[PDB]
Structure formats: structure tokens, C-alpha cells
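First comes the structure, then the notes that go with it.
Just so we're on the same page: letters track the sequence lines, and every chain starts at 1. Just the heavy atoms: all of them, side chains too, but no hydrogens, waters or symmetry mates, feed the values below.
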Amino acid sequence: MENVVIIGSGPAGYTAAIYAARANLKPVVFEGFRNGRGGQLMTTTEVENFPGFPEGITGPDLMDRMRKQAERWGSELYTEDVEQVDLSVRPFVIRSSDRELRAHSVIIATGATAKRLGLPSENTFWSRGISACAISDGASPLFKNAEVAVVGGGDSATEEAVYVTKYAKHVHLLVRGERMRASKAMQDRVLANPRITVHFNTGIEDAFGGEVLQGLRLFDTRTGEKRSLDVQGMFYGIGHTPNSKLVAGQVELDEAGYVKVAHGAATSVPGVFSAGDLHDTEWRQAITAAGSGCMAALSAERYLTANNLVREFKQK
Amino acid sequence: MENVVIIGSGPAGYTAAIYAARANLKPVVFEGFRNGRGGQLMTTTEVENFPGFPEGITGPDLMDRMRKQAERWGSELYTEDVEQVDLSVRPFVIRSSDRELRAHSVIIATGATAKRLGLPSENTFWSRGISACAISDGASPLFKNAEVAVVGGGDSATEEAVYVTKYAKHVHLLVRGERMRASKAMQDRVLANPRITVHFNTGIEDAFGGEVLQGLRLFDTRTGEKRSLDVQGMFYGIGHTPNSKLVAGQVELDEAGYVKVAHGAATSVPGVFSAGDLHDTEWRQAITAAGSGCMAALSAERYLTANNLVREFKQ
Ligand SMILES: Cc1cc2nc3c(=O)[nH]c(=O)nc-3n(C[C@H](O)[C@H](O)[C@H](O)COP(=O)(O)OP(=O)(O)OC[C@H]3O[C@@H](n4cnc5c(N)ncnc54)[C@H](O)[C@@H]3O)c2cc1C
Ligand SMILES: Cc1cc2nc3c(=O)[nH]c(=O)nc-3n(C[C@H](O)[C@H](O)[C@H](O)COP(=O)(O)OP(=O)(O)OC[C@H]3O[C@@H](n4cnc5c(N)ncnc54)[C@H](O)[C@@H]3O)c2cc1C
């Protein structure tokens with residue numbers, strides 16, 4: 001029976017595993033299989049803001065590093081999707097289709113996946129013209145001094161559009177509806193910025209290009225009339241999905257579905273800790289998610305010690 | 001006049017610089033000179049728990065990487081000690097020995113230095129037998145199934161002594177006074193743990209060894225009698241000093257001197273943000289300090305944008 005079970009193999013889950021493993025807890029990590037082992041960063045090619053890599057590092061390369069680090073210090077890694085978590089009994093029950101474990105503490109780090117549009121060619125230009133994170137990719141050479149589209153109509157999209165005027169020559173805010181939904185302040189910010197053109201009643205049919213994004217096929221959401229927009233970048237600003245389905249109804253969540261935490265990583269259920277984007281509505285970065293994994297691991301270790309629950313394992 | 005001024009070049013200051021720079025804010029970093037460019041990790045040789053380095057990385061090598069990354073994206077780095085911070089005027093004034101700058105926002109990331117004993121041979125065996133961080137170094141090969149001393153008598157030392165029984169064969173808790181000062185619960189853990197021997201009225205005269213720590217010169221703090229203790233590791237558990245002297249009286253601090261923060265990095269003075277060990281009484285890790293630097297940078301960027309203060313620089 002397990003000291004700790006960690007659900008997730010993004011930056012937060014592996015950092016939690018590293019700390020838990022070095023604290024001799026022999027953590028079990030359910031990394032995800034269909035949910036994507038290694039997390040959201042597996043779908044990006046350039047990480048420039050993760051401190052310690054001044055030449056950049058690809059997303060897969062950083063997560064391959066993290067995974068080995070978790071294993072080196074004693075982590076038990078399962079490339080498996082968890083299907084069920086029962087927090088109404090102690091020890092807790094964690095079930096993947098392949099196995100059922102009991103654990104004194106659980107760390108849930110399942111992320112908050114950024115909504116995508118699902119355009120026919122999206123996979124082609126993903127990370128080569130299309131991104132979901134302006135803070136991360138906006139500084140990229142691909143968009144330097146170039147024309148970029150920002151998709152959405154809420155506070156997220158208006159915020160991203162303002163942010164990418166830091167690097168782009170001109171920014172096209174594509175709003176599917178008749179009017180924007182953001183606050184009056186946000187819309188005012190946007191309409192007072194001469195580098196943003198707002199297109200209303202505009203939907204996206206596809207992206208086109210060669211090796212990198214070169215434009216968009218649009219349509220008017222009123223007439224269906226088609227129109228092409230030349231752009232070399234496109235940012236999605238259509239929100240986020242916190243992946244809390246496994247603990248919905250069992251731990252406190254906010255209205256959008258994020259896990260509520262205090263003291264860094266404590267959920268409303270003692271023994272359950274959250275790490276990463278799953279509870280973070282402010283930052284949504286790899287470095288902060290890693291920091292959150294450490295907090296969650298250090299919290300679990302203290303929790304276990306405070307209740308004399310630690311099962312003893314040592315280094316190999 | 002500056003968008004943001006960052007005070008400190010540990011993990012938290014550089015991560016704040018990386019984010020601020022990539023947000024085209026051209027941040028100014030006062031890295032410290034007498035306070036040590038590159039932070040506390042400059043004094044350790046093996047960092048094994050910073051995610052992304054499965055083979056380990058020395059402290060100097062990780063910080064040299066961070067510094068370069070701060071510069072690549074537009075950071076303005078000064079190897080200088082800040083001597084004064086005036087938060088009673090806007091924009092704020094930050095004075096080093098060489099220069100005085102105004103700034104719309106300040107990120108103070110000055111750390112919390114782990115107290116050392118200052119033993120004659122301390123520098124010799126430091127990071128080759130002596131550490132202040134059990135979470136970081138306890139798993140080190142140097143202490144596997146070895147006898148280790150833990151110095152102190154408060155809650156910090158007793159928790160560390162229990163923590164290092166995870167790896168050491170036996171732990172000698174060296175207490176200078178007649179009694180432990182930790183809580184009754186902490187003392188109970190210690191006295192009910194058969195792998196810990198508590199030495200009272202025990203002070204340390206020096207450490208000895210060859211290439212790695214081999215023992216301790218002790219004395220009784222009552223009779224002065226000397227006694228040698230064989231150990232291959234020693235952990236200091238004598239607390240921490242948050243480096244808030246520059247903002248003392250100006251931003252809210254707690255009783256121990258840590259900066260009070262809310263919303264990740266916001267201090268009591270709008271526009272002033274704290275990152276790193278300077279405000280963290282719970283974790284005190286490089287990865288969390290880095291995470292805190294990002295929060296502070298993202299907070300400053302939004303603060304400046306929210307007040308139409310951002311001055312334009314590009315890549
Ligand atoms: C295109 C794109 C580019 C980005 N670029 C950057 C960048 O350059 N720098 C940066 O700091 N941030 C970047 N981000 C944001 C960054 O990806 C996130 O902040 C980071 O991944 C959060 O880490 P996390 O571990 O909390 O969540 P995730 O990385 O999403 O990890 C979630 C993990 O939980 C697993 N999981 C989910 N459900 C289950 C289940 N039932 N059972 C088992 N396992 C499960 C998943 O398989 C996955 O491994 C980018 C995001 C996108 C979309
Ligand atoms: C021996 C030892 C080993 C450790 N090993 C690890 C490990 O392996 N992994 C881990 O995660 N953590 C480790 N730690 C803890 C880790 O070092 C800290 O958590 C981390 O350094 C804190 O980061 P920081 O940027 O907030 O503070 P610091 O690294 O302390 O940075 C403080 C910065 O502020 C500068 N500064 C201070 N005052 C001024 C001033 N007036 N003007 C200008 N600049 C100023 C200083 O020069 C310095 O650069 C170790 C600590 C010690 C003591």
C-alpha cells in the first residue's frame with residue numbers, strides 16, 4: 001500500500017515525483033496514456049522561459065529529462081490513465097484499468113488543457129504558426145514584426161491581443177460573434193490600440209501555408225461569405241479546461257472547475273494535494289507548475305510524517 | 001526611467017528577469033556583489049532536485065545558465081549591491097553604489113540566508129560533508145547509512161534530525177543548551193526515535209577530516225571538557241535570516257522578518273512584488289523560488305499594463 005500516488009506526468013507531476021522519490025517515499029505516478037504522457041508541453045517545440053536553458057529546449061526534450069529524473073530517485077512510473085479516485089475511504093483508492101492501489105496521500109496534477117479550434121490543418125501548423133500561449137510563444141522569431149491573428153472575444157482573447165502587440169506589427173482579433181464579450185475596460189483597451197483590427201461576425205474555416213503558417217480562410221458568420229487573411233501567427237484565446245473530472249464532487253472546485261487550494265497545495269480533503277495548472281488560474285506556466293509540484297510533494301511528506309503513515313523505502 | 005527593477009540574482013531574481021525581459025520590459029537587475037552574484041546555490045556542488053537535470057548540476061553551472069538566459073532576452077544586469085530603496089515616492093528610487101534609478105515597479109528577491117556556525121574549518125568541508133538543507137542534501141551519497149550530526153535545538157533542528165534518519169544509520173542531535181526548545185511533539189518524535197541520540201550542553205569547536213568530513217571537535221558547555229565525535233555529515237538547523245533590511249519599515253513583514261505577500265507575489269505596497277525565499281517560510285527550494293520569480297514578473301507586467309505605465313522596448 002502506497003505512501004503517495006501522483007496523477008499526472010506534466011512538469012507538476014514529475015517535480016512532485018522527484019521530491020517524493022528523494023524523500024524515500026517510493027511514489028507511484030500514473031502518467032496518463034490517452035491523456036498524453038509528459039503533458040501539454042509535448043505539443044510545443046520551443047521552451048525559452050524555463051530557467052536553466054538559455055539556448056531553449058524542446059518540450060519533449062525537457063519532459064524526457066524530467067521523467068528520467070523522477071525514475072532515478074525511486075519513482076514507480078505507470079503509463080496509464082486513472083479511471084477512478086475514491087476519496088471517501090482512507091487509505092484512498094486509485095484505479096487505472098490495469099490496477100487498483102490504496103494510498104495514504106494523493107497528489108492530483110492533471111493540468112488545464114488550452115482549448116483548441118480543431119481546424120483541418122491545425123496539426124500541420126501547430127507550433128509552427130499556431131500557438132495557445134502568448135506569454136510563452138509571443139516572443140518567438142516566427143511572429144517578430146509580423147501580422148498575427150488572435151481568436152476569441154472574451155477577456156482572455158482581448159488580453160492576448162494586447163499582449164501580442166508587444167512583438168507583432170499588427171494584430172487581428174477574430175470575434176465569432178456580433179460583439180466582444182470582454183469587460184468595457186478590455187474592449188476599450190483594444191479599440192484604443194491602433195495595432196489591433198477587430199473583425200466581428202468572423203469564423204475560421206482553416207489555416208493554410210507551407211512550412212509555417214501563411215494565412216487563414218475566414219467566413220462571415222452572417223452571410224457565410226469567404227475571405228482570406230494573410231497572417232504568420234495565430235493565437236487561441238478561447239479559454240482553458242481544468243481537468244478535475246476525477247475529483248469532481250469530492251474536492252472543492254470553483255465555478256470554472258479548478259481545484260480550490262490553500263497553503264500552496266492543500267485541497268479541502270486532508271491527504272489530497274493538487275499541483276500545477278489544475279488549480280492555477282493566474283500563471284499557467286511550466287516553471288510555476290514545477291514549483292507547485294514541489295510544494296505538493298513537500299506537503300504530502302509532512303502530512304505522512306505528521307500521522308505516522310510513512311512506509312519505509314530507501315535508495316537503490 | 002525603468003519599467004521594473006529586480007533586486008537579486010538567485011533563482012527567483014533571474015526567473016523574474018527572464019519573464020520580464022521576454023515581455024519586452026528591459027528589466028534592470030541589481031545582482032548583488034558583496035551579497036553574492038548568483039545566490040545561495042553558488043555555495044553548493046550538487047543540485048539533484050531541480051527538475052530538468054537528471055544527471056545533477058552544480059549550483060554555479062545552473063546559475064550561470066540562468067544568468068545567460070536573463071541576458072539573452074534583454075535583461076540589463078548590474079553586479080552591484082543595492083544600498084537604498086525608497087518606496088515613499090512614485091516612481092520608486094533604487095540606489096546602488098554606482099547609480100540611482102527610478103522605476104514603476106520593483107521586484108525584491110533578496111533571499112533568506114541559512115545561518116552557518118562559522119567554524120574554523122567550515123569552508124573546507126562545506127558542501128563536502130556540511131549542509132544547511134536536509135531536503136536537498138540528505139539523499140546525498142555522502143550520508144547514505146552513515147553517522148550524521150544535526151546542530152540546533154529548536155523545531156527546525158528536530159525536524160531535520162528526524163528527516164535525515166531517512167538516509168543515515170544514526171543521527172546525533174547536538175544541543176548547546178540544557179534542553180531542547182522545540183515543541184513537546186517534536187521532542188517526542190526525537191526521543192522516541194531509536195536512530196537519534198541527543199547530546200545536551202554540547203557545542204562544536206571545529207570539524208575535521210581529509211577530503212570529506214570525518215568528525216567533530218566538541219566541548220561540554222558546562223565544564224569545557226573536549227570530546228571527539230566521528231561523523232561523515234553535519235546539518236545546520238539553526239534557522240534562517242530573510243534579507244528584508246532594504247524594505248524594513250516600508251513593506252509589511254512578519255515577526256521573523258519575512259515579507260508578507262498575497263496573490264502570489266504582491267506586497268503591501270502596490271507596484272512592489274516579492275519573489276523567492278525572501279517571503280517563503282514553507283518550501284525554501286530553488287524550483288519554488290524560480291516559480292515565485294515568474295509570478296512576480298507576470299504580476300509586474302500586468303500592473304504596469306493596468307496603469308498604462310509600460311515603456312516600450314523590443315527584442
Ligand atoms: C502550445 C502550448 C505551448 C506552451 N509553451 C509553454 C512554454 O514555452 N513555457 C511555459 O512555462 N509554459 C508553456 N505552456 C503552458 C504549459 O504547458 C503548462 O503550464 C504546463 O504544462 C502545466 O503543467 P501541468 O503538469 O500542471 O499540466 P500538464 O502538462 O497538462 O500535465 C497534465 C498531466 O496529467 C495527465 N493526466 C490527465 N488526466 C489523467 C488521468 N485520468 N489519468 C492519468 N493521468 C492523467 C496527463 O496525461 C498529463 O501528463 C504551453 C501550452 C501550450 C498549450
Ligand atoms: C548549502 C545549501 C545547499 C542548497 N541546495 C539546494 C538544492 O539542491 N535544491 C534546491 O531547490 N534548493 C537548495 N538550497 C536552497 C536554495 O538555495 C534556495 O531556496 C534558493 O537559493 C533561494 O532562491 P532566491 O533567489 O530567493 O534567494 P538567493 O539564492 O539567496 O538569492 C538572493 C540574491 O539576492 C542578492 N541580494 C541580496 N541583497 C542584495 C542587495 N542589497 N543588493 C543587491 N542584491 C542583493 C543576493 O546577492 C543574491 O543574489 C540550498 C541551500 C543551501 C544553504
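- Side-chain atoms of B/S299 and B/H263 include no donor-acceptor pair closer than 3.5 Å.
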Go through the steps to decide whether A/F33 and A/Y78 satisfy the test ring pair (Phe, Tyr, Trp, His ring centres under 6.0 Å), and finish with yes or no. CA-CA 9 Å; A/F33 179 67; A/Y78 294 107; over 10 Å; no

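- With hydrogens and angles ignored, the 3.5 Å screen pairs no side-chain donor or acceptor of A/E159 with any backbone N or O of A/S156.
- Side-chain contact, A/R37 with A/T79: a donor N or O sits under 3.5 Å from an acceptor N or O.
- Remark: the backbone N or O of A/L77 is not paired with any side-chain donor or acceptor of A/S75 at under 3.5 angstrom.
- No salt bridge links A/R128 with A/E211; every basic N to acidic carboxylate O contact stays at or beyond 4.0 Å.
- For the pair B/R102 and B/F92, the cation does not sit on the ring face, since its NZ or CZ is not both under 6.0 Å from the ring centre and inside 45° of the axis.
- Using a 3.5 Å distance cut-off with no hydrogens or angles, the side chains of A/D220 and A/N201 do not pair a donor with an acceptor.
- Between A/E31 and A/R67 there is a salt bridge, since at least one side-chain N of the basic residue sits less than 4.0 Å from a carboxylate O of the acidic one.
- Pairing each heavy atom of A/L142 with each of A/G129, the nearest pair is CD2-N, 3.7 Å.
- At least one side-chain heavy atom of A/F200 sits less than 4.5 Å from a side-chain heavy atom of A/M180.
- A salt bridge between A/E80 and A/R34 is absent, with no side-chain N of the basic residue lying under 4.0 Å from a carboxylate O of the acidic one.
- With salt bridges taken as basic N to acidic carboxylate O contacts below 4.0 Å, one links B/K314 and B/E312.
- By the neighbour-count criterion of 12 heavy atoms within 6.0 Å, atom NZ of A/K144 is sparsely surrounded, having that number or fewer from other residues, nucleotides or ligands.
- The existence of a salt bridge linking B/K26 and B/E2 is confirmed by a sub-4.0 Å separation between a basic side-chain nitrogen and an acidic carboxylate oxygen.
- A donor-acceptor pair under 3.5 Å links the side-chain atoms of B/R22 to the main chain of A/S136, judged by distance alone.
- A donor-acceptor contact shorter than 3.5 Å is absent between the side chain of A/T15 and the backbone of A/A12.
- Panel note: side chain B/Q69, backbone A/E48; a donor-acceptor pair is recorded below 3.5 Å.
- Side-chain N/O atoms of A/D230 and A/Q214 include no donor and acceptor closer than 3.5 Å.
- Side-chain contact check for A/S292 and A/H279: at least one donor-acceptor pair (N or O, by modelled atom type) lies under 3.5 Å.
- Counting only distance, with no hydrogens or angles, the side chain of A/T58 and the backbone of A/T45 share no donor-acceptor pair below 3.5 Å.
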Chi angles and distances behind the side chain to side chain donor-acceptor pair (under 3.5 Å) call for B/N24, A/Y167: CA-CA 8 Å; B/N24 283 10; A/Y167 325 95; 4.8 Å; no

Please determine whether side chain to side chain donor-acceptor pair (under 3.5 Å) holds for the pair A/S131 and A/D137, giving the CA-CA distance in whole Å, both sets of side-chain angles, and the decisive distance to 0.1 Å. CA-CA 7 Å; A/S131 147; A/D137 290 352; 2.8 Å; yes

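- Side-chain N or O atoms of A/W283 include none that pairs as donor or acceptor with a backbone N or O of B/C294 at under 3.5 Å.
- Counting only N and O atoms by type, the side chains of A/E252 and A/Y258 include no donor and acceptor under 3.5 Å apart.
- Put simply, the side chain of A/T202 never gets that close to the backbone of A/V175: no donor and acceptor are under 3.5 Å apart.
- When atom types are taken as modelled, the side chain of A/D277 and the backbone of A/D280 share no donor-acceptor pair closer than 3.5 angstrom.
- Between A/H199 and A/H172, the ring planes are perpendicular. Angles over 60° get that label, and only those under 30° would be called parallel.
- A 6.0 Å sphere centred on CZ of B/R302 holds more than 12 heavy atoms belonging to other residues, nucleotides or ligands.
- For the pair A/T110 (side chain) and A/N243 (backbone), a donor-acceptor distance under 3.5 Å is present.
- When the shell of 6.0 Å around CD of B/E71 is examined, it contains 12 or fewer heavy atoms from other residues, nucleotides or ligands.
- In summary, the side chains of B/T305 and B/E301 do present a donor paired with an acceptor at a separation below 3.5 Å, with no hydrogens or angles considered.
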Between A/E160 and A/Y236, does the side chain to side chain donor-acceptor pair (under 3.5 Å) criterion hold? Intermediate values first, please. CA-CA 9 Å; A/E160 307 270 86; A/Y236 296 156; over 6 Å; no

